[PDB]
Amino acid sequence: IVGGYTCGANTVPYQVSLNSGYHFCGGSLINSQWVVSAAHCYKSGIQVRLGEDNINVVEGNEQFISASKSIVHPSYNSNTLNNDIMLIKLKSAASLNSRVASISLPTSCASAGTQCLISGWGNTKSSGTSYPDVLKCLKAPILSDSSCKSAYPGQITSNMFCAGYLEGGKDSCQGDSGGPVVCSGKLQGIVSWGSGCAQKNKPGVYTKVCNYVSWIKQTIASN
Ligand SMILES: NC1=NCc2ccccc21
Ligand SMILES: [Ca+2]
């Protein structure tokens, strides 16, 4: 997260870290057994880390749970990042509490201009590299589809939206992928891609979760 702020420990209790020896992506807890992330975060041997603030220090509220299965969206296209969504099932259910909590799925899509909370442990610099140990947060509005498509001609599908600031300075970044965009208490986005981080006229691009609610619900009911 570039241009954001330190969230505060466990203030984003649905935020998870995906670990394969090291943090490599975010995700969102949607019930005690299931996490949503980005398809481009797929790999084998994922451990889901819940209740994290400093990802390099055991502070006492973490739960570390191996994935038993991962399900990449059937239409995911790794070339274009269309349908950049996957589901991860936990081998044992998380113990839900104030610091480990699920986030609700959309009941409809959200409007342009709606303010959202984006969070993650990704790079905090727009030029160069610095990775935080503690979770970072950013408040950012959903941008109009025309501003999104103008920024990324030929790359935006109906399964993507942009959020952030056309002036730059505030954005998600590498290492935030798979994490949440929460608007009005609903998981409306998954951190997906962008051109650079926090650059003018290049806002972040997010998977449009509201298009996937039926797929999510049916997939988790059958797995
Ligand atoms: N907003 C983003 N710009 C580049 C990038 C990489 C990975 C996730 C998000 C972004
Ligand atoms: Ca920790």
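Both counts, for ligands and for their atoms, begin at 1 and track the order of listing. Just the heavy atoms: all of them, side chains too, but no hydrogens, waters or symmetry mates, feed the values below. Starting from 1, each residue takes its place in the sequence as its number.
Between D84 and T207, the side chains place no donor N or O within less than 3.5 Å of an acceptor N or O (distance only, hydrogens not considered). There is a side-chain donor-acceptor pair under 3.5 Å between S119 and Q15. A donor and an acceptor atom, one from each side chain of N54 and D133, are nowhere located under 3.5 Å apart. In this model, no donor atom of one side chain and acceptor atom of the other lie less than 3.5 Å apart for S158 and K208. The closest side-chain donor-acceptor pair between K43 and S20 falls under 3.5 angstrom. Inspection of the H40 and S177 side chains reveals an N or O donor paired with an N or O acceptor under 3.5 Å.
Of all the heavy atoms of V191, the ones lying under 4.0 Å from any atom of ligand 1 belong exclusively to the side chain. Using a 4.0 Å cut-off between heavy atoms, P203 makes no contact with ligand 1 at all.
Put simply, the angle at the Ca ion (ligand 2) from O in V57 to O in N54 is close to 80°, to the nearest 10°.
An N or O contact shorter than 3.5 Å is missing between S177 and ligand 1 by distance.
Under a hydrophobic clustering in which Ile, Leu, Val, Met, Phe, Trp and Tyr are joined whenever their side-chain heavy atoms come within less than 4.5 Å, directly or via other members, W215 and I103 fall into the same cluster.
Contact atoms of ligand 1 toward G194: 2 (C), 3 (N), 4 (C), 5 (C), 10 (C) (distance under 4.0 Å to a heavy atom of the residue). Set against the non-hydrogen atoms of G204, the atoms of ligand 1 under 4.0 Å away are 1 (N).
The Ca ion (ligand 2) lies closest to atom OE2 when only the N/O/S atoms of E62 are considered. With respect to the Ca ion (ligand 2), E52 has OE1 as its nearest N, O or S atom.
At least one heavy atom of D171 sits under 4.0 Å from some atom of ligand 1. Within the structure, the closest approach of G196 to ligand 1 falls below 4.0 Å when heavy atoms are considered.
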